[PDB]
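Below, in structure tokens: the form solved without the named molecule, a single chain.
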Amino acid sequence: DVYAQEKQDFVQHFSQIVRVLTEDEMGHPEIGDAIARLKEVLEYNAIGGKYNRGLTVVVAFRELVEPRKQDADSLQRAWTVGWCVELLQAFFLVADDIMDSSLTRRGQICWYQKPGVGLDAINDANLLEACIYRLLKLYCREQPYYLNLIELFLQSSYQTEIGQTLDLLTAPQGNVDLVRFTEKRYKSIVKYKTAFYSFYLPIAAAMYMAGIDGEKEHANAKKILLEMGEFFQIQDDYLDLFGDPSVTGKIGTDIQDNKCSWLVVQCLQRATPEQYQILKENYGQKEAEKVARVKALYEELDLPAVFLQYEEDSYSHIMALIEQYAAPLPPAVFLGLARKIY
């Protein structure tokens, strides 16, 4: 597994990231305390996940750059850009966990729930975002791809934010409207909130670093990657209720938060009138017994089986897209990523 193989060098590069994002400001001692908070923020919120998004930059870089061009410095830049993706994820999750009223993340209490943090986490999240552009400047300003990367990160953030807006719009608190939860709406939400940044961004970043900047190449890659990302968000939704939190590292809130989850969409597609009313009466509310009734209804409708069938069909479809669209990139770039997520 090329990911488990690159993981150790990638993870060890973190203290170098933290050191340069502190060292860069030691010529201004007056911001010492702020920089110390930044370090706490990075340590708590950028470490402890699987690193799949950042590692995808590194793995793809190795597979797209001619081995003779992979010198020490280029590899440093690839690990930094990987870490930029992870910092973006860290920004996103800190803010998302506040907006979703989440409890735990990567097996520890959400940053905003720590005593003494609370809504100061809004600023911390944004500092994580700023660090991306500081690293890009420090490591990539002289490279021909510098502006492509800055623009890719900004664009990906805008897309992701538009997706979060749809997520939040489709899920008003205290307001049960199941008529909004359609398959068409679900697909749009997950394309924007998740697929672009989790799948397109890291590969595209590696493509740009390899000098692959053509509009058609990027469009073909994106065809595969946005579909992979849709599957990934369906799986996240499934695991929100049916996943083991000792493995997922977090407690699900989608039912309580009135979310347009893939589960509720599949539920509505299959439910009788009587089952629809049950869902209506119990969805979107904090009460544990109401949530349990929703989970029981999903179990009654065999949604776990439906998901396992979906995962098989999705995997086959993604593989067919790789056959259609991978060239001229090595298919391994996409296969290695599919292996991680399926």
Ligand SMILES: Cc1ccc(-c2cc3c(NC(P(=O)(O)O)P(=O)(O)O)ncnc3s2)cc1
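Just so we're on the same page, rigid core means the largest C-alpha set that superposes within 1.5 Å between forms. Sequential numbering from 1, following the sequence displayed.
What comes next is about the form solved in complex with the named molecule, which is not displayed.
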| remark: In contact with the named molecule in the entry with it bound (heavy atoms, 4.5 Å), from 31-39, 292-300, 269-277, 50-58, is stretch 50-58
| Tell me, which of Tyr139, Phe232, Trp111, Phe181 has a heavy atom within 4.5 angstroms of the named molecule in the entry with it bound? | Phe232
| message | Is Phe199 near the named molecule? Define near as a heavy atom within 4.5 Å, in the entry with it bound. | response | yes
| request: Report yes if all three of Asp236, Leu337 and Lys340 come within 4.5 Å of the named molecule in the entry with it bound by some heavy atom, otherwise no. | output: yes
| Which residue, chosen from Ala205, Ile255, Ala90, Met228, moves its CA by 2 Å or more between the shown form and the other one under a rigid core superposition? | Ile255
| query | Aligning on the rigid core, do we see the C-alpha of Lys39 shift 2 angstroms or more between the shown form and the other one? | reply | no
| Aligning on the rigid core, do we see the C-alpha of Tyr298 shift 2 angstroms or more between the shown form and the other one? | yes
| field | Residue shift check between the shown form and the other one, rigid core fit, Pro67 Cα at least 2 Å | value | no
